[PDB]
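**Q** If you scroll down you'll find the structure; I have some questions about it.
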Amino acid sequence: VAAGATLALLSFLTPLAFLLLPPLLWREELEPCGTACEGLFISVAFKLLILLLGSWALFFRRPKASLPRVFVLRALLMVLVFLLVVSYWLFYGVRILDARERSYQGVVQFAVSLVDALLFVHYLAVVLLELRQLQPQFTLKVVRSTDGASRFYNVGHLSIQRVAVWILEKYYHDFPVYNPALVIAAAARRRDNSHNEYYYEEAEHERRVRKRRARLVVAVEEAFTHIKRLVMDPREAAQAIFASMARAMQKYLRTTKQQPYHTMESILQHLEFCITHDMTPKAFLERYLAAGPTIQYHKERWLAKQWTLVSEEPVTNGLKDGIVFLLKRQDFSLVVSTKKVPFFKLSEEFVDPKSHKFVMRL
Amino acid sequence: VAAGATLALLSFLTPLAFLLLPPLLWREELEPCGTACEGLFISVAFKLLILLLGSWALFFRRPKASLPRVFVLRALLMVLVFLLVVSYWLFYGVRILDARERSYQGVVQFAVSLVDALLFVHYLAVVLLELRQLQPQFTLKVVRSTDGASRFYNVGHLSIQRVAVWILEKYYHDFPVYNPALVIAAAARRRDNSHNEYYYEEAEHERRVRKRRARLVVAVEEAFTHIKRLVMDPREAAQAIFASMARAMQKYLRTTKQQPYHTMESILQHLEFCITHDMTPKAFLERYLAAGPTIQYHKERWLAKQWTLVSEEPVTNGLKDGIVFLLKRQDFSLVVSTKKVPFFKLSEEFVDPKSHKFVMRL
Amino acid sequence: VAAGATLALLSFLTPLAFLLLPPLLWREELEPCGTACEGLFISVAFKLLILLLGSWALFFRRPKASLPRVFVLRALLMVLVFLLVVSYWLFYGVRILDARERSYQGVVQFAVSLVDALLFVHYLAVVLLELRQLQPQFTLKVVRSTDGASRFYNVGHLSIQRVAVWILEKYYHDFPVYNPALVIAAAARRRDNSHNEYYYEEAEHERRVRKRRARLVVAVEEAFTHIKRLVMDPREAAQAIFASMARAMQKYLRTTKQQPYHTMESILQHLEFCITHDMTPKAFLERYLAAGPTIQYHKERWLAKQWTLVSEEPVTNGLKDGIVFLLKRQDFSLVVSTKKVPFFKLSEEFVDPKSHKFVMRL
């Protein structure tokens, strides 16, 4: 960041320094030039403005993740910007500044080429960091090692660590939140021929969950009917309608193992939120009936600063068919399996929309 | 649009005017130049062609939405194009046109710098309007205020109104279609200790929906068996097989509260569509068994021109953690809650794929 | 590819040839020039480096699909690169090479304009091939003609064949894998008034599937408890724990019609995979309990080289509202229906967050 910000500042200041050093250090010795110089000054002004606006739009933002190894392409871009600026300064010093270049059109064109090169480096930074991974090259199966919640994704050419950050950005809203509260063949044959206890326990659990869900739906409908939109603030109204639903809410959160996700304070805040935004009882209960993804919950359950990238291959090398890597937290892990999206061979077949003719039997 | 199209036309015509005014108004007074002029003419030709092709590809398309406030970045881009063109014209007039610039190489280089600056403005327009929001910065919980249908999305740096249009583009194919047809603690305790009427009503409704679904599946299988692919048109065949399924279809649409979504005319059109495209009875019933999203239905149920953006913050300012805003229609509303995607700190751990060694017990 | 690679190589070599032919064929006749030449050499060096890096990042990759007709925009780009290079060579030959141009600054500026034009052609290639379809213009309903598995997508301005490849890239991880093993009004009335055989058969099938699923969950829990992480390799451990679950796995794959998807060898490989990556019994069974998408399976079931694009309209023309086309394989087909994303008219409404005041009754 500090090095990157310094490189950006020096890159933006370099054309202006190139254009100001001759008119300041040697103005009389400098050879006067016509209108091409001023036209190039205007072009430099607008191209520096374009460069600053684009840099703000894409690159004046905080790093979104702390990668385990160096950001390979962004390091290459910093090196390229640095080599460009340093080489331009070297040449400028040794052949313009030292020689006290009388031809000012040459210096102005050198600064113009610098600004063009910086806009092209910005374009290259966009191509490397944003566009190389638009075309989906690979499909990733991401599975939690505990409950098997699986999603498949398409991803372009990213390094394994950038792919890891990408999958983490997807995880906090795609998978449900992690709820930890949720001879040999002869032994298998003896088990299979026993009472199917798990089947009936699962059926009973689903039945009691449906019963508690019904109780909760009725309780929340009654609770929201206990107030009118129209004196009383939305917080006071949430607190007044929470009493007629606190027991059913608590019992449903207990039967579905959702106690630590939803405190009384968070449920009151969400009641206030809903009744403020005209949300019906069902738009209130959508948060509590289903498991819901990780970002939906409190920030102390995210623990985004505690991801470990376990990769058999070095993480700076991009994906290829078969790369498996783990994203481990303290409790679960995300197993990511890579499969290259297969080569497609489309053929074109033409059918006449009038050629569809049908008959009675079968 | 009109102002934007005028700016685009003037920007494309400005280099050509710069290159044609000297050879027309003062050709004898103009100083002849060598081959660099013609090389720059060829470069201007190909760069104007590139500019026109890119403008067609991205910016010669109709506005996709009517935002409540000004499009901030596109207004900035129009202002930038206008300032660039107007300043180039001012300088050209006062130092080339008025002075009758004899050096034609300078004028050609000025036009070249203009074309470069327009290509760079096009690049900046792409960066501002398309690329600033590629990197997912925020996660949006979008919930219908009526039935609680919720989806989470990742979105980059967009203003709240552009985020609203984005969420609307997502809504018509993500959420199911809106079907409107679908002391105090002592009172809550008395209710919870009563007959769980909602549970048994829900079970009975699901049972009768499954029964009507089974009747409909059988009816549609029989109906499609009542015709063969092979005289009779697909429309006549749809009308001939609709009789053997009209009652079951109507009864299933009534039990699932889907009467106004599917008219006899639309069902006949979809029968014709399916039997034209070799779609099986199940590929036919996929439209009718599930609720389905909004765009699947008739255009009079979209009402895309009737969205209201209710935001506590001004809608030209981009998203930040905690921005809640409503997208209200006549009936329901989309509550959108923003949460910044958290900062990730990946660590790298290496495991030896050969180091996995297991033992018998537990 | 061969023509494209040749065009790329010639385009990269053309500036260097332009800069080397005068200093080699006529060095004495060549007019010496100052430092502007060397500054432009450095700019050419860094801009050719930028061009090569961007071309590698985006365009040095194998074609991802075999389209039925010509890639219209990529053909336009090849034609544009070719016309640019050929016209630059024509002018260079006839006015620099033949005339033995003494002014070397002109030749260097011509090469600089060439490199700028190639970077701008690269930018135009990005705009045409990657950016024109970022803005979602259309919504596509993709439905399998057999089981009606449907997904809606947003897609920008792509041709119908590029849209087809896009939908295929989505299909192998979005839809479940294709499992083929899964007067007239008076006749309809007689059928509807008969025993609802399909309802009870469906209920019985779901019940026995739940029973086999419970047996399989218990069997896999026991199997994974039959080993400890800690001598025995993960393959030997998978083979040792497969015996206590092989029967339940086979019976569940038979009741859900999943025999050909999962061989004993693939199940052993996946057991080894899971027990290697600390995946619990449920993270193991996530692959077998649900249908799962196509890419999850063996590569002989993908058959990506056997897609047929059946389109009523020519496939080189982009999408518009109402374009329906088929993606046919040997067994099923993907019906794709296009609907233009509707024009949105947002309005802004302001509500005071303090103005929310509620009252007791109803």
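Chain labels run A, B, ... following the order of the structure tokens; each chain numbers its residues from 1, and ligands are numbered from 1 in the order shown.
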Name the residues in contact with residue 101 (chain A) at a cut-off of 10 Å, using only C-alpha atoms, excluding same-chain residues fewer than 3 positions from it; report them as a ChimeraX atom specification.

**A** /A:22,26,29-31,92,95-98,104-107 /C:34-35

**Q** Got time to write the residues from that selection, C-alpha atoms, as a PDB file, in the first residue's frame?

**A**
ATOM      1  CA  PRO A  22      13.127  22.918 -18.368  1.00  0.00           C
ATOM      2  CA  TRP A  26      16.753  26.870 -18.171  1.00  0.00           C
ATOM      3  CA  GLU A  29      18.545  28.560 -22.981  1.00  0.00           C
ATOM      4  CA  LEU A  30      15.325  26.727 -23.864  1.00  0.00           C
ATOM      5  CA  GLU A  31      14.270  26.991 -27.500  1.00  0.00           C
ATOM      6  CA  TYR A  92      15.327  12.397 -18.786  1.00  0.00           C
ATOM      7  CA  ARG A  95      19.815  13.238 -22.010  1.00  0.00           C
ATOM      8  CA  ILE A  96      17.476  16.158 -21.201  1.00  0.00           C
ATOM      9  CA  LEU A  97      18.244  17.409 -17.697  1.00  0.00           C
ATOM     10  CA  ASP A  98      22.026  16.989 -17.831  1.00  0.00           C
ATOM     11  CA  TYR A 104      11.276  21.754 -25.634  1.00  0.00           C
ATOM     12  CA  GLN A 105       9.030  19.970 -28.141  1.00  0.00           C
ATOM     13  CA  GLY A 106      11.089  16.837 -27.542  1.00  0.00           C
ATOM     14  CA  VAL A 107      10.639  17.097 -23.776  1.00  0.00           C
TER      15      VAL A 107
ATOM     16  CA  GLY C  34      18.507  13.733 -30.982  1.00  0.00           C
ATOM     17  CA  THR C  35      17.090  12.334 -27.752  1.00  0.00           C
TER      18      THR C  35
END

**Q** Taking only C-alpha atoms into account, produce a table as a Markdown table in which each residue of chain A with an atom at most 6 Å from an atom of chain B appears once, together with its shortest atom pair and the distance in Å to one decimal, ordered by chain and rising number.

**A**
| residue | atom | partner | partner_atom | distance |
| --- | --- | --- | --- | --- |
| A:36 | CA | B:106 | CA | 5.0 |
| A:39 | CA | B:110 | CA | 5.8 |
| A:54 | CA | B:124 | CA | 5.8 |
| A:57 | CA | B:132 | CA | 5.6 |
| A:58 | CA | B:132 | CA | 5.5 |
| A:64 | CA | B:343 | CA | 5.6 |
| A:65 | CA | B:344 | CA | 4.6 |
| A:66 | CA | B:345 | CA | 4.5 |
| A:67 | CA | B:346 | CA | 5.4 |
| A:68 | CA | B:347 | CA | 4.9 |
| A:173 | CA | B:152 | CA | 5.9 |
| A:214 | CA | B:199 | CA | 5.3 |
| A:243 | CA | B:185 | CA | 5.5 |
| A:244 | CA | B:188 | CA | 4.9 |
| A:279 | CA | B:145 | CA | 4.2 |
| A:280 | CA | B:146 | CA | 5.2 |
| A:282 | CA | B:147 | CA | 5.2 |
| A:283 | CA | B:148 | CA | 3.6 |
| A:286 | CA | B:148 | CA | 5.2 |
| A:304 | CA | B:344 | CA | 4.8 |
| A:305 | CA | B:345 | CA | 4.3 |
| A:307 | CA | B:346 | CA | 4.9 |
| A:308 | CA | B:347 | CA | 4.3 |
| A:309 | CA | B:348 | CA | 4.6 |
| A:310 | CA | B:349 | CA | 4.7 |
| A:357 | CA | B:233 | CA | 5.1 |
| A:358 | CA | B:229 | CA | 4.8 |
| A:359 | CA | B:228 | CA | 5.1 |
| A:360 | CA | B:227 | CA | 4.8 |
| A:361 | CA | B:227 | CA | 5.5 |
| A:362 | CA | B:225 | CA | 4.9 |

**Q** For the residues in the current selection, export N, CA and C atoms as a compact mmCIF listing (two decimals), in the first residue's frame.

**A**
# COMPACT_ATOMS: atom_id res chain seq x y z
N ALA A 36 2.11 23.50 -31.13
CA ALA A 36 2.10 22.06 -30.88
C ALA A 36 2.41 21.77 -29.42
N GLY A 39 -0.86 22.46 -27.47
CA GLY A 39 -1.80 21.38 -27.73
C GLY A 39 -1.44 20.12 -26.98
N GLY A 54 -9.47 7.08 -13.53
CA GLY A 54 -9.47 5.63 -13.60
C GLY A 54 -8.80 4.98 -12.41
N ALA A 57 -11.21 5.11 -9.67
CA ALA A 57 -12.32 4.19 -9.88
C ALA A 57 -11.95 2.76 -9.52
N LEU A 58 -10.75 2.33 -9.90
CA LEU A 58 -10.38 0.93 -9.68
C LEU A 58 -9.34 0.71 -8.60
N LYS A 64 -8.73 -5.90 -0.35
CA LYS A 64 -9.91 -6.61 0.12
C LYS A 64 -9.56 -7.87 0.90
N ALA A 65 -8.31 -8.33 0.83
CA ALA A 65 -7.92 -9.53 1.55
C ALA A 65 -6.42 -9.52 1.78
N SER A 66 -6.00 -10.29 2.78
CA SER A 66 -4.58 -10.47 3.10
C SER A 66 -4.17 -11.84 2.57
N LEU A 67 -3.54 -11.86 1.40
CA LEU A 67 -3.18 -13.11 0.77
C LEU A 67 -1.98 -13.74 1.49
N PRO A 68 -1.87 -15.07 1.48
CA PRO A 68 -0.74 -15.70 2.17
C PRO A 68 0.60 -15.44 1.49
N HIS A 173 -22.30 -15.74 1.77
CA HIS A 173 -23.69 -15.58 1.37
C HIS A 173 -24.24 -16.76 0.58
N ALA A 214 -45.11 -23.91 12.92
CA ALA A 214 -46.50 -23.48 12.87
C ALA A 214 -46.85 -22.60 14.07
N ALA A 243 -43.22 -9.77 23.25
CA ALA A 243 -43.71 -10.56 24.37
C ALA A 243 -44.68 -11.65 23.91
N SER A 244 -45.53 -11.33 22.93
CA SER A 244 -46.51 -12.29 22.44
C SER A 244 -45.91 -13.34 21.52
N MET A 279 -42.62 -4.88 6.72
CA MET A 279 -42.38 -6.30 6.45
C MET A 279 -43.39 -7.14 7.21
N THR A 280 -44.03 -8.07 6.50
CA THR A 280 -45.07 -8.90 7.08
C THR A 280 -44.47 -9.93 8.03
N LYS A 282 -44.20 -13.03 7.63
CA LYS A 282 -43.41 -14.01 6.89
C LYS A 282 -42.08 -13.41 6.46
N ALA A 283 -42.07 -12.12 6.14
CA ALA A 283 -40.81 -11.44 5.84
C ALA A 283 -39.97 -11.25 7.10
N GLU A 286 -38.58 -15.12 7.69
CA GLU A 286 -37.61 -15.64 6.74
C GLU A 286 -36.20 -15.68 7.33
N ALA A 304 -13.50 -13.79 9.53
CA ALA A 304 -12.91 -13.76 8.20
C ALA A 304 -11.39 -13.68 8.27
N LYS A 305 -10.84 -13.23 9.39
CA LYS A 305 -9.40 -13.11 9.57
C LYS A 305 -8.77 -14.41 10.06
N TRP A 307 -8.90 -17.65 8.16
CA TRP A 307 -8.95 -18.65 7.10
C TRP A 307 -7.54 -19.12 6.79
N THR A 308 -7.38 -20.42 6.62
CA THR A 308 -6.10 -21.03 6.30
C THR A 308 -6.20 -21.72 4.95
N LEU A 309 -5.25 -21.45 4.07
CA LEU A 309 -5.24 -22.00 2.72
C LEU A 309 -4.28 -23.19 2.69
N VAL A 310 -4.84 -24.39 2.70
CA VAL A 310 -4.07 -25.63 2.66
C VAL A 310 -4.06 -26.12 1.22
N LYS A 357 -45.56 -31.23 -37.89
CA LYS A 357 -46.85 -31.79 -38.25
C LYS A 357 -47.11 -33.04 -37.43
N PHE A 358 -48.26 -33.09 -36.76
CA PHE A 358 -48.53 -34.13 -35.77
C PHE A 358 -49.72 -34.97 -36.21
N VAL A 359 -49.86 -36.14 -35.59
CA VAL A 359 -50.95 -37.07 -35.90
C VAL A 359 -51.54 -37.62 -34.60
N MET A 360 -52.67 -38.33 -34.74
CA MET A 360 -53.49 -38.68 -33.58
C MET A 360 -52.78 -39.62 -32.62
N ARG A 361 -52.52 -40.85 -33.05
CA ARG A 361 -52.27 -41.94 -32.11
C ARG A 361 -50.84 -41.94 -31.58
N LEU A 362 -50.72 -42.15 -30.27
CA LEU A 362 -49.44 -42.28 -29.56
C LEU A 362 -48.35 -41.32 -30.04

**Q** Write out as a ChimeraX atom specification all residues of region 144-321 of chain B that backbone DSSP assigns to alpha helix (DSSP H).

**A** /B:160-174,184-192,197-225,234-242,246-255,264-276,281-289

**Q** Go ahead and save the picked residues with C-alpha atoms, as a tab-separated table (two decimals), in the first residue's frame.

**A**
chain	number	residue	atom	x	y	z
B	160	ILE	CA	-27.77	3.18	-4.48
B	161	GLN	CA	-29.90	3.84	-7.57
B	162	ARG	CA	-27.64	1.78	-9.83
B	163	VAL	CA	-27.72	-0.92	-7.16
B	164	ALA	CA	-31.50	-0.64	-7.23
B	165	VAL	CA	-31.62	-1.18	-11.00
B	166	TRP	CA	-29.18	-4.08	-10.60
B	167	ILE	CA	-31.39	-5.71	-7.96
B	168	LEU	CA	-34.43	-5.20	-10.19
B	169	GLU	CA	-32.66	-6.91	-13.08
B	170	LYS	CA	-32.03	-9.77	-10.65
B	171	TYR	CA	-35.55	-9.80	-9.19
B	172	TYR	CA	-37.51	-10.71	-12.32
B	173	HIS	CA	-35.69	-14.04	-12.55
B	174	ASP	CA	-34.52	-14.76	-8.98
B	184	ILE	CA	-49.83	-10.25	26.49
B	185	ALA	CA	-47.52	-13.15	27.35
B	186	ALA	CA	-50.58	-14.75	28.95
B	187	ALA	CA	-52.45	-14.49	25.65
B	188	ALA	CA	-49.46	-15.99	23.84
B	189	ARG	CA	-49.38	-18.85	26.35
B	190	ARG	CA	-53.11	-19.45	25.88
B	191	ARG	CA	-52.62	-19.57	22.11
B	192	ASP	CA	-49.62	-21.91	22.26
B	197	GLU	CA	-54.74	-25.48	13.60
B	198	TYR	CA	-52.11	-24.01	11.27
B	199	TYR	CA	-50.02	-27.19	11.37
B	200	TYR	CA	-52.85	-29.47	10.30
B	201	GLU	CA	-54.19	-26.98	7.76
B	202	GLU	CA	-50.70	-26.75	6.23
B	203	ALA	CA	-50.38	-30.54	6.15
B	204	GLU	CA	-53.81	-30.88	4.53
B	205	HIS	CA	-53.01	-28.18	1.98
B	206	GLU	CA	-49.70	-29.83	1.08
B	207	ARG	CA	-51.47	-33.19	0.77
B	208	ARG	CA	-54.18	-31.87	-1.55
B	209	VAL	CA	-51.56	-29.98	-3.57
B	210	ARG	CA	-49.62	-33.23	-3.99
B	211	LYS	CA	-52.84	-34.97	-5.02
B	212	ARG	CA	-53.70	-32.33	-7.61
B	213	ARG	CA	-50.09	-32.42	-8.81
B	214	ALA	CA	-50.32	-36.19	-9.29
B	215	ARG	CA	-53.61	-35.83	-11.16
B	216	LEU	CA	-52.01	-33.15	-13.34
B	217	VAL	CA	-48.91	-35.24	-14.07
B	218	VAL	CA	-51.07	-38.18	-15.13
B	219	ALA	CA	-53.33	-35.92	-17.21
B	220	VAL	CA	-50.41	-34.29	-19.03
B	221	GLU	CA	-48.71	-37.63	-19.68
B	222	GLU	CA	-51.95	-38.93	-21.21
B	223	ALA	CA	-52.46	-35.68	-23.15
B	224	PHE	CA	-49.01	-35.80	-24.73
B	225	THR	CA	-49.53	-39.48	-25.53
B	234	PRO	CA	-48.64	-27.78	-33.43
B	235	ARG	CA	-51.32	-25.25	-32.48
B	236	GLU	CA	-54.12	-27.63	-33.47
B	237	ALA	CA	-52.32	-30.43	-31.63
B	238	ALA	CA	-51.99	-28.32	-28.49
B	239	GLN	CA	-55.70	-27.52	-28.71
B	240	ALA	CA	-56.51	-31.21	-29.23
B	241	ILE	CA	-54.45	-32.39	-26.25
B	242	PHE	CA	-55.53	-29.55	-23.96
B	246	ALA	CA	-57.75	-28.77	-19.02
B	247	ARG	CA	-59.65	-29.85	-15.92
B	248	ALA	CA	-56.63	-31.19	-14.03
B	249	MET	CA	-54.58	-28.13	-15.00
B	250	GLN	CA	-57.32	-25.76	-13.85
B	251	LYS	CA	-57.80	-27.63	-10.57
B	252	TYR	CA	-54.07	-27.62	-9.83
B	253	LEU	CA	-53.87	-23.91	-10.64
B	254	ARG	CA	-56.77	-23.32	-8.25
B	255	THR	CA	-55.33	-25.37	-5.39
B	264	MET	CA	-56.19	-20.87	-21.41
B	265	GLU	CA	-54.54	-18.91	-24.23
B	266	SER	CA	-51.14	-18.91	-22.52
B	267	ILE	CA	-51.44	-22.60	-21.68
B	268	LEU	CA	-52.29	-23.36	-25.31
B	269	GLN	CA	-49.32	-21.28	-26.48
B	270	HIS	CA	-47.05	-23.16	-24.08
B	271	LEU	CA	-48.45	-26.54	-25.14
B	272	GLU	CA	-47.72	-25.56	-28.74
B	273	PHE	CA	-44.24	-24.45	-27.67
B	274	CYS	CA	-43.47	-27.70	-25.84
B	275	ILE	CA	-44.86	-30.14	-28.40
B	276	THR	CA	-43.02	-28.13	-31.05
B	281	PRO	CA	-44.87	-33.72	-20.02
B	282	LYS	CA	-42.48	-32.87	-17.19
B	283	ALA	CA	-40.77	-30.16	-19.24
B	284	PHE	CA	-44.27	-28.83	-19.85
B	285	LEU	CA	-45.31	-28.97	-16.19
B	286	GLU	CA	-42.14	-27.28	-14.93
B	287	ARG	CA	-43.86	-23.99	-15.78
B	288	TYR	CA	-47.02	-24.76	-13.79
B	289	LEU	CA	-45.96	-26.89	-10.82

**Q** Can you list, as JSON, numbers by chain, every residue of region 19-165 of chain A that DSSP puts in strand (DSSP E or B)?

**A** {"A": [31, 65, 66, 103, 138, 139, 140, 141, 142, 143, 144, 150, 151, 152, 153, 154, 155, 159]}

**Q** Convert the current residue selection to file output with N, CA and C atoms, as a short mmCIF file (atom, residue, chain, number, x, y, z; two decimals), in the first residue's frame.

**A**
data_model
loop_
_atom_site.label_atom_id
_atom_site.label_comp_id
_atom_site.auth_asym_id
_atom_site.auth_seq_id
_atom_site.Cartn_x
_atom_site.Cartn_y
_atom_site.Cartn_z
N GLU A 31 14.69 26.51 -26.19
CA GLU A 31 14.27 26.99 -27.50
C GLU A 31 12.76 27.18 -27.52
N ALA A 65 -8.31 -8.33 0.83
CA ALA A 65 -7.92 -9.53 1.55
C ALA A 65 -6.42 -9.52 1.78
N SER A 66 -6.00 -10.29 2.78
CA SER A 66 -4.58 -10.47 3.10
C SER A 66 -4.17 -11.84 2.57
N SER A 103 15.59 21.83 -27.16
CA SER A 103 14.35 21.52 -27.86
C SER A 103 13.29 21.14 -26.83
N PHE A 138 -12.72 -22.74 -15.32
CA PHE A 138 -12.76 -23.87 -14.41
C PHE A 138 -14.06 -23.85 -13.62
N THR A 139 -14.46 -25.03 -13.16
CA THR A 139 -15.60 -25.21 -12.28
C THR A 139 -15.10 -25.77 -10.96
N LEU A 140 -15.48 -25.11 -9.87
CA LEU A 140 -15.02 -25.41 -8.53
C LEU A 140 -16.17 -25.99 -7.74
N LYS A 141 -15.97 -27.18 -7.19
CA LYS A 141 -16.89 -27.79 -6.24
C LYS A 141 -16.39 -27.41 -4.85
N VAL A 142 -17.16 -26.60 -4.14
CA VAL A 142 -16.81 -26.18 -2.79
C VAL A 142 -17.77 -26.88 -1.84
N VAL A 143 -17.22 -27.64 -0.90
CA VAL A 143 -17.99 -28.47 0.02
C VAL A 143 -17.47 -28.24 1.43
N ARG A 144 -18.37 -27.97 2.37
CA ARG A 144 -17.96 -27.94 3.77
C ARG A 144 -17.69 -29.35 4.26
N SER A 150 -22.63 -27.89 -0.58
CA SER A 150 -21.81 -27.84 -1.78
C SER A 150 -22.38 -26.84 -2.78
N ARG A 151 -21.50 -26.03 -3.36
CA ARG A 151 -21.85 -25.18 -4.49
C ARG A 151 -20.78 -25.30 -5.55
N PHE A 152 -21.19 -25.25 -6.82
CA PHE A 152 -20.24 -25.24 -7.92
C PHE A 152 -20.19 -23.83 -8.49
N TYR A 153 -18.99 -23.41 -8.89
CA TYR A 153 -18.77 -22.07 -9.39
C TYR A 153 -17.94 -22.14 -10.66
N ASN A 154 -18.06 -21.12 -11.50
CA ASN A 154 -17.16 -20.95 -12.64
C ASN A 154 -16.20 -19.80 -12.34
N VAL A 155 -14.92 -20.04 -12.59
CA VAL A 155 -13.88 -19.07 -12.31
C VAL A 155 -12.88 -19.08 -13.45
N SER A 159 -4.96 -17.19 -9.56
CA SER A 159 -4.10 -17.99 -8.72
C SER A 159 -4.91 -18.64 -7.60
#
